[PDB]
Amino acid sequence: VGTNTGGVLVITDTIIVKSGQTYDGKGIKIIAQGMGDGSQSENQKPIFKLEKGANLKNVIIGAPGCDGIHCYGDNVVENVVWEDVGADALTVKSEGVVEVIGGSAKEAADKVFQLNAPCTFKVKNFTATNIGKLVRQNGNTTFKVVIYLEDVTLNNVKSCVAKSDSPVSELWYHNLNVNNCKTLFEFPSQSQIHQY
Ligand SMILES: [Ca+2]
Ligand SMILES: [Ca+2]
Ligand SMILES: [Cl-]
C-alpha cells in the first residue's frame with residue numbers, strides 16, 4: 001500500500017526509467033495498452049525499461065504483462081506485483097546486479113525471469129504462483145550468472161525452479177519453498193546449486 005493505491009496508470013508505450021532514477025509507483029497499478037497481449041509472442045513491448053542503475057518500486061503490473069520489465073543492470077525492483085505475467089516478468093538485458101525484492105508474480109506460462117546477460121540476480125522475499133519456471137538463463141548461453149533465491153515461495157511450477165545451460169553459472173538458495181514442482185533445478189551439474 002502507498003499513496004497511489006487505488007489508482008491505475010494506463011500506458012501506450014514502455015515507461016523508461018532513466019539511469020539513476022527510482023520510479024516509485026506508490027502502489028499504482030499499470031495497465032499497458034497496445035503493447036502486447038501477455039502471450040508468449042515476441043511482438044510485445046516491455047512495460048518498463050530500467051536503464052542501468054534505474055530502480056522501480058511499488059507498482060502492480062496488471063494484465064497484460066506484455067514483455068515485462070527490461071533491466072539493463074544494477075537495478076532494484078522492489079515490491080513489484082505481476083498480477084499476470086506476460087511473456088516473462090523481467091528480463092536482465094545487460095550486465096549487472098539485479099535484485100527483485102518483495103512482490104510477487106502469478107500466471108507465467110513460461111519463465112518469470114529471463115537472464116540474457118551475465119549478472120548477479122537476486123530474488124528476495126518473493127512469491128510466485130502458477131509458473132513454468134522462475135528463472136531461465138537464456139537458452140544455451142554459457143556466460144555466468146549467479147542467482148540468489150532468498151525467502152522465495154513458489155506454488156505450481158510446471159518445469160523447474162531454475163534452468164541454465166551454462167556450466168559456470170550458480171544458484172544459491174536460502175528459504176526457498178516449492179510446492180508442486182517435479183524438478184527443482186536444471187543445470188549442467190548439481191554442483192552448481194548451493195544452499196546458504
Ligand atoms: Ca521476453
Ligand atoms: Ca500469464
Ligand atoms: Cl537481451
# chains A, B, ... in the order shown; residues from 1 in each chain; ligands from 1

call {"tool": "residues_near_ligand", "arguments": {"ligand": "ligand 3", "cutoff": "7 Å", "atoms": "only C-alpha atoms and all ligand atoms", "output": "JSON, numbers by chain"}}
result
{"A": [92, 93, 94, 116, 117]}

call {"tool": "write_last_selection", "arguments": {"atoms": "N, CA and C atoms", "output": "tab-separated table (two decimals), in the first residue's frame"}}
result
chain	number	residue	atom	x	y	z
A	92	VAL	N	16.82	-9.59	-17.62
A	92	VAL	CA	18.09	-8.94	-17.49
A	92	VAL	C	18.76	-8.88	-18.86
A	93	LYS	N	18.91	-7.63	-19.37
A	93	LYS	CA	19.25	-7.42	-20.80
A	93	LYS	C	20.70	-6.97	-20.92
A	94	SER	N	21.30	-6.64	-19.82
A	94	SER	CA	22.67	-6.18	-19.84
A	94	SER	C	23.28	-6.49	-18.50
A	116	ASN	N	19.64	-12.66	-19.73
A	116	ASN	CA	20.23	-12.63	-21.05
A	116	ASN	C	21.61	-12.05	-21.04
A	117	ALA	N	22.12	-11.74	-19.89
A	117	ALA	CA	23.49	-11.21	-19.81
A	117	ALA	C	24.07	-11.72	-18.49

call {"tool": "closest_atom_pairs", "arguments": {"of": "chain A", "to": "ligand 1", "cutoff": "7 Å", "atoms": "only C-alpha atoms and all ligand atoms", "output": "JSON lines"}}
result
{"residue": "A:42", "atom": "CA", "partner": "ligand 1", "partner_atom_place_in_ligand_line": "1 (Ca)", "distance": 6.8}
{"residue": "A:67", "atom": "CA", "partner": "ligand 1", "partner_atom_place_in_ligand_line": "1 (Ca)", "distance": 4.9}
{"residue": "A:68", "atom": "CA", "partner": "ligand 1", "partner_atom_place_in_ligand_line": "1 (Ca)", "distance": 7.0}
{"residue": "A:87", "atom": "CA", "partner": "ligand 1", "partner_atom_place_in_ligand_line": "1 (Ca)", "distance": 5.3}
{"residue": "A:88", "atom": "CA", "partner": "ligand 1", "partner_atom_place_in_ligand_line": "1 (Ca)", "distance": 5.1}
{"residue": "A:91", "atom": "CA", "partner": "ligand 1", "partner_atom_place_in_ligand_line": "1 (Ca)", "distance": 6.5}

call {"tool": "residues_near_ligand", "arguments": {"ligand": "ligand 2", "cutoff": "6 Å", "atoms": "only C-alpha atoms and all ligand atoms", "output": "PyMOL selection string"}}
result
chain A and resi 84-86+107-109

call {"tool": "write_last_selection", "arguments": {"atoms": "N, CA and C atoms", "output": "short mmCIF file (atom, residue, chain, number, x, y, z; two decimals), in the first residue's frame"}}
result
data_model
loop_
_atom_site.label_atom_id
_atom_site.label_comp_id
_atom_site.auth_asym_id
_atom_site.auth_seq_id
_atom_site.Cartn_x
_atom_site.Cartn_y
_atom_site.Cartn_z
N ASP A 84 -0.33 -10.82 -13.58
CA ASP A 84 -0.44 -11.86 -14.61
C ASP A 84 0.76 -11.65 -15.51
N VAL A 85 1.73 -12.49 -15.29
CA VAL A 85 2.93 -12.35 -16.09
C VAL A 85 2.63 -12.47 -17.59
N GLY A 86 3.23 -11.65 -18.37
CA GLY A 86 3.12 -11.75 -19.83
C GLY A 86 4.06 -12.84 -20.37
N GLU A 107 0.87 -16.62 -12.71
CA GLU A 107 0.42 -17.00 -14.06
C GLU A 107 1.38 -16.68 -15.17
N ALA A 108 2.57 -17.20 -14.99
CA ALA A 108 3.56 -17.17 -16.08
C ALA A 108 3.55 -18.45 -16.86
N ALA A 109 3.18 -18.34 -18.12
CA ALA A 109 3.09 -19.55 -18.94
C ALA A 109 4.43 -20.25 -19.07
#

call {"tool": "closest_residue", "arguments": {"among": "A:187, A:48, A:121, A:113", "to": "residue A:141", "atoms": "only C-alpha atoms"}}
result
A:187

call {"tool": "closest_atom_pairs", "arguments": {"of": "stretch 90-140 of chain A", "to": "stretch 160-163 of chain A", "cutoff": "12 Å", "atoms": "only C-alpha atoms", "output": "tab-separated table"}}
result
residue	atom	partner	partner_atom	distance
A:110	CA	A:160	CA	10.1
A:111	CA	A:162	CA	8.9
A:112	CA	A:161	CA	9.7
A:113	CA	A:162	CA	9.2
A:114	CA	A:163	CA	9.9
A:115	CA	A:163	CA	10.2
A:121	CA	A:162	CA	11.9
A:123	CA	A:162	CA	11.8
A:128	CA	A:161	CA	10.4
A:129	CA	A:161	CA	11.4
A:130	CA	A:161	CA	11.4
A:131	CA	A:161	CA	8.9
A:132	CA	A:160	CA	6.9
A:133	CA	A:161	CA	5.1
A:134	CA	A:161	CA	5.0
A:135	CA	A:162	CA	4.6
A:136	CA	A:163	CA	5.0
A:137	CA	A:163	CA	6.3
A:138	CA	A:163	CA	8.8
A:139	CA	A:163	CA	8.5
A:140	CA	A:163	CA	10.3

call {"tool": "write_last_selection", "arguments": {"atoms": "N, CA and C atoms", "output": "PDB file, in the first residue's frame"}}
result
ATOM      1  N   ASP A 110       5.460 -19.455 -19.113  1.00  0.00           N
ATOM      2  CA  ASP A 110       6.805 -19.927 -19.229  1.00  0.00           C
ATOM      3  C   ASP A 110       7.615 -19.434 -18.051  1.00  0.00           C
ATOM      4  N   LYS A 111       8.698 -18.738 -18.333  1.00  0.00           N
ATOM      5  CA  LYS A 111       9.529 -18.217 -17.306  1.00  0.00           C
ATOM      6  C   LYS A 111       9.005 -16.887 -16.735  1.00  0.00           C
ATOM      7  N   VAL A 112       9.347 -16.705 -15.483  1.00  0.00           N
ATOM      8  CA  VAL A 112       9.158 -15.451 -14.768  1.00  0.00           C
ATOM      9  C   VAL A 112      10.317 -14.534 -15.113  1.00  0.00           C
ATOM     10  N   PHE A 113      11.515 -14.994 -14.835  1.00  0.00           N
ATOM     11  CA  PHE A 113      12.697 -14.194 -15.002  1.00  0.00           C
ATOM     12  C   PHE A 113      13.640 -14.768 -16.039  1.00  0.00           C
ATOM     13  N   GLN A 114      14.113 -13.923 -16.912  1.00  0.00           N
ATOM     14  CA  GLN A 114      14.879 -14.370 -18.060  1.00  0.00           C
ATOM     15  C   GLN A 114      16.191 -13.604 -17.950  1.00  0.00           C
ATOM     16  N   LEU A 115      17.295 -14.338 -17.915  1.00  0.00           N
ATOM     17  CA  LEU A 115      18.634 -13.737 -17.757  1.00  0.00           C
ATOM     18  C   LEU A 115      19.412 -13.782 -19.081  1.00  0.00           C
ATOM     19  N   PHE A 121      21.732 -12.060  -9.963  1.00  0.00           N
ATOM     20  CA  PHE A 121      20.249 -11.914  -9.968  1.00  0.00           C
ATOM     21  C   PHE A 121      19.729 -12.433  -8.686  1.00  0.00           C
ATOM     22  N   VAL A 123      16.539 -12.734  -6.067  1.00  0.00           N
ATOM     23  CA  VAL A 123      15.082 -12.766  -5.867  1.00  0.00           C
ATOM     24  C   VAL A 123      14.959 -12.990  -4.364  1.00  0.00           C
ATOM     25  N   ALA A 128       5.741 -16.659  -6.047  1.00  0.00           N
ATOM     26  CA  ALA A 128       5.212 -16.826  -7.402  1.00  0.00           C
ATOM     27  C   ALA A 128       4.362 -18.059  -7.448  1.00  0.00           C
ATOM     28  N   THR A 129       3.233 -17.977  -8.185  1.00  0.00           N
ATOM     29  CA  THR A 129       2.297 -18.987  -8.264  1.00  0.00           C
ATOM     30  C   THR A 129       1.909 -19.211  -9.705  1.00  0.00           C
ATOM     31  N   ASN A 130       1.866 -20.476 -10.095  1.00  0.00           N
ATOM     32  CA  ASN A 130       1.441 -20.928 -11.449  1.00  0.00           C
ATOM     33  C   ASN A 130       2.379 -20.382 -12.480  1.00  0.00           C
ATOM     34  N   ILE A 131       3.567 -20.983 -12.554  1.00  0.00           N
ATOM     35  CA  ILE A 131       4.627 -20.566 -13.389  1.00  0.00           C
ATOM     36  C   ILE A 131       5.231 -21.726 -14.086  1.00  0.00           C
ATOM     37  N   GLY A 132       5.851 -21.468 -15.213  1.00  0.00           N
ATOM     38  CA  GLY A 132       6.538 -22.550 -15.854  1.00  0.00           C
ATOM     39  C   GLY A 132       7.923 -22.744 -15.199  1.00  0.00           C
ATOM     40  N   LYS A 133       8.642 -21.677 -15.092  1.00  0.00           N
ATOM     41  CA  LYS A 133       9.938 -21.611 -14.438  1.00  0.00           C
ATOM     42  C   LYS A 133      10.084 -20.290 -13.717  1.00  0.00           C
ATOM     43  N   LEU A 134      10.850 -20.289 -12.611  1.00  0.00           N
ATOM     44  CA  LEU A 134      11.137 -18.991 -12.021  1.00  0.00           C
ATOM     45  C   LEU A 134      12.220 -18.255 -12.738  1.00  0.00           C
ATOM     46  N   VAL A 135      13.331 -18.908 -13.025  1.00  0.00           N
ATOM     47  CA  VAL A 135      14.433 -18.284 -13.661  1.00  0.00           C
ATOM     48  C   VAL A 135      14.975 -19.145 -14.790  1.00  0.00           C
ATOM     49  N   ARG A 136      15.199 -18.513 -15.926  1.00  0.00           N
ATOM     50  CA  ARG A 136      15.847 -19.115 -17.056  1.00  0.00           C
ATOM     51  C   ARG A 136      17.006 -18.272 -17.451  1.00  0.00           C
ATOM     52  N   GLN A 137      18.220 -18.827 -17.416  1.00  0.00           N
ATOM     53  CA  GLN A 137      19.314 -18.228 -18.133  1.00  0.00           C
ATOM     54  C   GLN A 137      19.027 -18.529 -19.633  1.00  0.00           C
ATOM     55  N   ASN A 138      19.187 -17.507 -20.424  1.00  0.00           N
ATOM     56  CA  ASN A 138      18.894 -17.622 -21.836  1.00  0.00           C
ATOM     57  C   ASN A 138      19.462 -18.919 -22.357  1.00  0.00           C
ATOM     58  N   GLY A 139      18.652 -19.600 -23.127  1.00  0.00           N
ATOM     59  CA  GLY A 139      18.942 -20.919 -23.608  1.00  0.00           C
ATOM     60  C   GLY A 139      20.286 -21.011 -24.352  1.00  0.00           C
ATOM     61  N   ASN A 140      21.057 -21.958 -23.930  1.00  0.00           N
ATOM     62  CA  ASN A 140      22.376 -22.252 -24.491  1.00  0.00           C
ATOM     63  C   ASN A 140      23.436 -21.320 -24.351  1.00  0.00           C
TER      64      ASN A 140
END

call {"tool": "atom_distance", "arguments": {"atom1": "atom CA of residue A:59", "atom2": "atom CA of residue A:32"}}
result
12.8 Å

call {"tool": "atom_distance", "arguments": {"atom1": "atom CA of residue A:176", "atom2": "atom CA of residue A:154"}}
result
7.8 Å

call {"tool": "select_by_dssp", "arguments": {"residues": "stretch 84-183 of chain A", "states": "strand (DSSP E or B)", "output": "count of residues only"}}
result
71

call {"tool": "closest_residue", "arguments": {"among": "A:69, A:184, A:56, A:145", "to": "residue A:25", "atoms": "only C-alpha atoms"}}
result
A:56

call {"tool": "residues_around", "arguments": {"residues": "residue A:44", "least_positions_apart": "4", "cutoff": "6 Å", "atoms": "only C-alpha atoms", "output": "number ranges by chain"}}
result
A: 35-36, 66-67

call {"tool": "atom_distance", "arguments": {"atom1": "atom CA of residue A:90", "atom2": "atom CA of residue A:49"}}
result
9.8 Å

call {"tool": "residues_around", "arguments": {"residues": "residue A:54", "least_positions_apart": "3", "cutoff": "9 Å", "atoms": "only C-alpha atoms", "output": "PyMOL selection string"}}
result
chain A and resi 17-23+49-51+71-77

call {"tool": "write_last_selection", "arguments": {"atoms": "N, CA, C and O atoms", "output": "tab-separated table (two decimals), in the first residue's frame"}}
result
chain	number	residue	atom	x	y	z
A	17	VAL	N	12.65	4.28	-17.33
A	17	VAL	CA	13.28	4.76	-16.15
A	17	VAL	C	14.72	4.98	-16.37
A	17	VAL	O	15.48	4.08	-16.59
A	18	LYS	N	15.10	6.26	-16.37
A	18	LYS	CA	16.44	6.57	-16.79
A	18	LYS	C	17.44	6.25	-15.74
A	18	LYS	O	17.10	6.17	-14.59
A	19	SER	N	18.71	6.11	-16.15
A	19	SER	CA	19.78	5.78	-15.20
A	19	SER	C	19.78	6.68	-14.01
A	19	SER	O	19.75	7.89	-14.19
A	20	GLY	N	19.70	6.09	-12.85
A	20	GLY	CA	19.74	6.81	-11.61
A	20	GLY	C	18.45	7.24	-11.03
A	20	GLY	O	18.42	7.82	-9.94
A	21	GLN	N	17.37	7.02	-11.77
A	21	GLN	CA	16.10	7.35	-11.29
A	21	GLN	C	15.49	6.14	-10.64
A	21	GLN	O	15.72	5.00	-11.10
A	22	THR	N	14.80	6.34	-9.55
A	22	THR	CA	13.86	5.42	-8.99
A	22	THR	C	12.43	5.79	-9.33
A	22	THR	O	11.91	6.86	-8.95
A	23	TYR	N	11.76	4.91	-10.04
A	23	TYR	CA	10.35	5.05	-10.30
A	23	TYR	C	9.57	4.48	-9.17
A	23	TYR	O	9.57	3.26	-8.93
A	49	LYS	N	11.27	-0.18	-19.05
A	49	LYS	CA	12.66	-0.32	-19.36
A	49	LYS	C	13.42	0.39	-18.31
A	49	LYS	O	13.30	1.65	-18.17
A	50	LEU	N	14.21	-0.34	-17.54
A	50	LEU	CA	15.08	0.22	-16.49
A	50	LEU	C	16.45	0.30	-17.06
A	50	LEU	O	17.17	-0.67	-17.20
A	51	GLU	N	16.86	1.55	-17.32
A	51	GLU	CA	18.27	1.69	-17.70
A	51	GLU	C	19.18	1.28	-16.60
A	51	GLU	O	18.83	1.14	-15.44
A	71	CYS	N	15.54	-4.91	-17.74
A	71	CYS	CA	16.54	-4.38	-16.82
A	71	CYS	C	17.88	-4.39	-17.49
A	71	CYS	O	18.32	-5.39	-17.92
A	72	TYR	N	18.51	-3.22	-17.49
A	72	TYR	CA	19.85	-3.07	-18.11
A	72	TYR	C	20.98	-3.04	-17.13
A	72	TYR	O	22.11	-2.85	-17.57
A	73	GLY	N	20.71	-3.42	-15.92
A	73	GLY	CA	21.69	-3.80	-14.93
A	73	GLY	C	21.75	-2.77	-13.81
A	73	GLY	O	21.42	-1.61	-13.97
A	74	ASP	N	22.24	-3.28	-12.68
A	74	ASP	CA	22.27	-2.55	-11.48
A	74	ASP	C	20.96	-1.89	-11.10
A	74	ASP	O	20.81	-0.64	-11.02
A	75	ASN	N	19.93	-2.72	-11.04
A	75	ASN	CA	18.60	-2.33	-10.78
A	75	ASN	C	18.03	-2.97	-9.59
A	75	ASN	O	18.26	-4.15	-9.38
A	76	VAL	N	17.23	-2.25	-8.82
A	76	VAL	CA	16.45	-2.82	-7.75
A	76	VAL	C	14.99	-2.67	-8.12
A	76	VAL	O	14.57	-1.64	-8.55
A	77	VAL	N	14.28	-3.80	-8.08
A	77	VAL	CA	12.87	-3.88	-8.41
A	77	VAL	C	12.21	-4.37	-7.16
A	77	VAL	O	12.25	-5.54	-6.79

call {"tool": "closest_residue", "arguments": {"among": "A:185, A:148, A:143, A:196", "to": "residue A:120", "atoms": "only C-alpha atoms"}}
result
A:148

call {"tool": "closest_residue", "arguments": {"among": "A:144, A:45, A:52, A:26", "to": "residue A:167", "atoms": "only C-alpha atoms"}}
result
A:144

call {"tool": "closest_residue", "arguments": {"among": "A:147, A:61, A:8, A:193", "to": "residue A:38", "atoms": "only C-alpha atoms"}}
result
A:61

call {"tool": "closest_residue", "arguments": {"among": "A:60, A:194, A:156, A:170", "to": "residue A:182", "atoms": "only C-alpha atoms"}}
result
A:156

call {"tool": "decode", "arguments": {"residues": "stretch 11-43 of chain A", "atoms": "N, CA, C and O atoms", "output": "tab-separated table (two decimals), in the first residue's frame"}}
result
chain	number	residue	atom	x	y	z
A	11	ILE	N	-0.88	3.05	-19.90
A	11	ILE	CA	0.17	3.45	-20.76
A	11	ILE	C	0.03	2.87	-22.17
A	11	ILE	O	-0.62	1.83	-22.35
A	12	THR	N	0.60	3.55	-23.14
A	12	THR	CA	0.63	3.05	-24.52
A	12	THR	C	2.02	2.97	-25.02
A	12	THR	O	2.22	2.69	-26.15
A	13	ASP	N	2.98	3.17	-24.18
A	13	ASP	CA	4.32	2.87	-24.58
A	13	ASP	C	5.08	2.56	-23.30
A	13	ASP	O	4.65	2.85	-22.19
A	14	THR	N	6.21	1.90	-23.50
A	14	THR	CA	7.04	1.49	-22.42
A	14	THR	C	7.41	2.68	-21.56
A	14	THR	O	7.77	3.73	-22.09
A	15	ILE	N	7.39	2.52	-20.25
A	15	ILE	CA	7.89	3.52	-19.29
A	15	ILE	C	9.39	3.36	-19.22
A	15	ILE	O	9.84	2.29	-18.80
A	16	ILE	N	10.12	4.37	-19.59
A	16	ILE	CA	11.59	4.34	-19.43
A	16	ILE	C	11.96	5.00	-18.19
A	16	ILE	O	11.53	6.11	-17.94
A	17	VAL	N	12.65	4.28	-17.33
A	17	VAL	CA	13.28	4.76	-16.15
A	17	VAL	C	14.72	4.98	-16.37
A	17	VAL	O	15.48	4.08	-16.59
A	18	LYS	N	15.10	6.26	-16.37
A	18	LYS	CA	16.44	6.57	-16.79
A	18	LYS	C	17.44	6.25	-15.74
A	18	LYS	O	17.10	6.17	-14.59
A	19	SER	N	18.71	6.11	-16.15
A	19	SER	CA	19.78	5.78	-15.20
A	19	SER	C	19.78	6.68	-14.01
A	19	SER	O	19.75	7.89	-14.19
A	20	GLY	N	19.70	6.09	-12.85
A	20	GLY	CA	19.74	6.81	-11.61
A	20	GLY	C	18.45	7.24	-11.03
A	20	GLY	O	18.42	7.82	-9.94
A	21	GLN	N	17.37	7.02	-11.77
A	21	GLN	CA	16.10	7.35	-11.29
A	21	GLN	C	15.49	6.14	-10.64
A	21	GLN	O	15.72	5.00	-11.10
A	22	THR	N	14.80	6.34	-9.55
A	22	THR	CA	13.86	5.42	-8.99
A	22	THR	C	12.43	5.79	-9.33
A	22	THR	O	11.91	6.86	-8.95
A	23	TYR	N	11.76	4.91	-10.04
A	23	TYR	CA	10.35	5.05	-10.30
A	23	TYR	C	9.57	4.48	-9.17
A	23	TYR	O	9.57	3.26	-8.93
A	24	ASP	N	8.93	5.32	-8.35
A	24	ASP	CA	8.22	4.80	-7.25
A	24	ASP	C	6.75	4.99	-7.51
A	24	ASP	O	6.24	6.08	-7.53
A	25	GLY	N	6.03	3.90	-7.75
A	25	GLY	CA	4.66	3.93	-8.10
A	25	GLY	C	3.79	4.24	-6.96
A	25	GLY	O	2.57	4.36	-7.16
A	26	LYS	N	4.31	4.08	-5.75
A	26	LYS	CA	3.42	4.23	-4.56
A	26	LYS	C	2.17	3.49	-4.59
A	26	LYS	O	1.20	3.88	-4.03
A	27	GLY	N	2.19	2.27	-5.16
A	27	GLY	CA	1.06	1.46	-5.20
A	27	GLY	C	0.16	1.48	-6.41
A	27	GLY	O	-0.86	0.79	-6.46
A	28	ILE	N	0.54	2.32	-7.33
A	28	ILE	CA	-0.16	2.46	-8.55
A	28	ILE	C	-0.15	1.11	-9.26
A	28	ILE	O	0.76	0.35	-9.16
A	29	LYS	N	-1.20	0.88	-10.00
A	29	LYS	CA	-1.34	-0.25	-10.95
A	29	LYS	C	-1.14	0.19	-12.36
A	29	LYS	O	-1.59	1.27	-12.75
A	30	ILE	N	-0.35	-0.54	-13.16
A	30	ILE	CA	-0.07	-0.14	-14.51
A	30	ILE	C	-0.80	-1.11	-15.46
A	30	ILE	O	-0.85	-2.37	-15.27
A	31	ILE	N	-1.50	-0.54	-16.44
A	31	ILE	CA	-2.12	-1.35	-17.43
A	31	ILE	C	-1.66	-0.86	-18.75
A	31	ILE	O	-1.80	0.34	-19.12
A	32	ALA	N	-1.05	-1.73	-19.56
A	32	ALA	CA	-0.49	-1.37	-20.84
A	32	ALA	C	-1.52	-1.64	-21.91
A	32	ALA	O	-2.20	-2.68	-21.89
A	33	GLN	N	-1.62	-0.71	-22.86
A	33	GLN	CA	-2.50	-0.80	-23.98
A	33	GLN	C	-1.72	-0.71	-25.24
A	33	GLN	O	-0.81	0.10	-25.36
A	34	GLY	N	-2.08	-1.61	-26.18
A	34	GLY	CA	-1.46	-1.68	-27.47
A	34	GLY	C	-0.01	-2.05	-27.46
A	34	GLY	O	0.73	-1.81	-28.42
A	35	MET	N	0.41	-2.72	-26.38
A	35	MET	CA	1.85	-3.09	-26.21
A	35	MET	C	2.05	-4.59	-26.17
A	35	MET	O	3.14	-5.04	-25.87
A	36	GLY	N	1.01	-5.31	-26.39
A	36	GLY	CA	1.02	-6.74	-26.27
A	36	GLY	C	-0.14	-7.31	-25.56
A	36	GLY	O	-0.91	-6.60	-24.89
A	37	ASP	N	-0.25	-8.63	-25.64
A	37	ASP	CA	-1.38	-9.35	-25.08
A	37	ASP	C	-1.03	-10.24	-23.87
A	37	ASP	O	-1.84	-10.84	-23.29
A	38	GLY	N	0.28	-10.22	-23.51
A	38	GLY	CA	0.72	-11.05	-22.48
A	38	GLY	C	0.92	-12.53	-22.80
A	38	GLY	O	1.10	-13.40	-22.02
A	39	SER	N	0.78	-12.85	-24.11
A	39	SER	CA	1.05	-14.17	-24.59
A	39	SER	C	2.54	-14.42	-24.63
A	39	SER	O	3.25	-13.63	-24.10
A	40	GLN	N	2.94	-15.54	-25.20
A	40	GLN	CA	4.37	-15.74	-25.32
A	40	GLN	C	4.94	-15.13	-26.58
A	40	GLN	O	6.12	-15.24	-26.85
A	41	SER	N	4.15	-14.42	-27.35
A	41	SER	CA	4.65	-13.87	-28.61
A	41	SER	C	5.76	-12.89	-28.38
A	41	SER	O	5.84	-12.26	-27.29
A	42	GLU	N	6.65	-12.81	-29.34
A	42	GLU	CA	7.75	-11.86	-29.31
A	42	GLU	C	7.42	-10.59	-30.07
A	42	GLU	O	8.25	-10.08	-30.81
A	43	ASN	N	6.22	-10.11	-30.01
A	43	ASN	CA	5.91	-8.89	-30.71
A	43	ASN	C	5.24	-7.99	-29.70
A	43	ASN	O	4.07	-7.51	-29.95
